[PDB]
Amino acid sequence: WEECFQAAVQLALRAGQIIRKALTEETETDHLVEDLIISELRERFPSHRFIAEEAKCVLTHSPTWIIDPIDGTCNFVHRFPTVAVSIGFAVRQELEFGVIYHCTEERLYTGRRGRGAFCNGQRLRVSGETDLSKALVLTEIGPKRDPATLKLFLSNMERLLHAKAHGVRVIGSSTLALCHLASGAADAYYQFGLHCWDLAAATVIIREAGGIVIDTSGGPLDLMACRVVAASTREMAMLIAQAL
């Protein structure tokens, strides 16, 4: 699906341009970026479907765009330089390609079904680490600050920390957090209550890099489940969904 993949690449970094020059300044950009991507993909393929924030995440069987104009909202506002656009694409209720741009570091993350995953030219591949005790695991807080998700939050980290994890990292971006996964920079990821536009693109990439992406339970991924376990190995992934 080249013309579309190319539309994704071309837009992800034009958006990525808009956000870099925006970060220099001292919600508008979001919409700007949103309405940029979605209006052009729209009347580029007027009959395609979309799934971005602006129930649920119900993926049909038709060619669907799954978009997050700005991932790293909060980071943006504090100008924490961990900000991203993520454009995923599905066909036949399968994830086709993904394109995730690190606006700051200028790293185009791409992933096509069966054709591998690359960051800036060269190929990516996960780690294969299977021993959780030797692993660097990623996760994120969340927008919602209810005492039930926050207790949750603290519950899973203890489990992961009592699971004897090498180190934990939370960077304010699930999209980039997972791209770290895909490239080997980390060995596992988890999170509850996260929308699927933050998931779609990263998954094809993580998969194409040789990794695994499942439901938190250890079962298969469920886009509407709003959760994830992404790992370097299905072993690692299993250890993580077990703990918690």
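Residue numbers run from 1 along the displayed sequence. Whichever C-alpha set is largest while still superposing within 1.5 Å between the two forms counts as the rigid core.
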After a rigid core fit, does 85-93 or 148-156 show more C-alpha displacement in 4 other deposited structures of this protein? 148-156
When the core is superposed, where do the C-alphas shift more in 4 other deposited structures of this protein: in 130-138 or in 159-167? 159-167
Are coordinates for residue 198 absent in a third or more of the other compared PDB entries? no
Check: residue 54 without coordinates in a third or more of other entries: yes
How many missing residues of the deposited sequence lie between residue 26 and residue 27 in the entry, grouped as none, 1 to 3, 4 to 9, or 10 or more? 10 or more
Residue 44 preceded by how many uncoordinated deposited residues after residue 43: none
Ranked by mean Cα B-factor in the entry, 30-38 and 45-53, top stretch is 45-53
Regarding 149-157 and 78-86, which shows the higher C-alpha temperature factor on average in the entry? 149-157
142, 98, 167, 72, ranked by C-alpha B-factor: the highest one: 142
Per the deposited B-factor column, the C-alpha that peaks among 185, 212, 201, 59 belongs to 212
Quick check on the deposited entry: does the C-alpha B-factor of residue 236 sit in the lowest, middle or highest third of its chain? highest
Just say lowest, middle or highest third for the CA B-factor of residue 175 relative to the other modelled residues in its chain. lowest
Hey, what third does residue 21 fall into on Cα B-factor, ranked over its chain? middle
What third of its chain, lowest, middle or highest, does the C-alpha temperature factor of residue 134 fall into? middle
With respect to C-alpha B-factor, does residue 108 fall in the lowest, middle or highest third of the chain as deposited? lowest
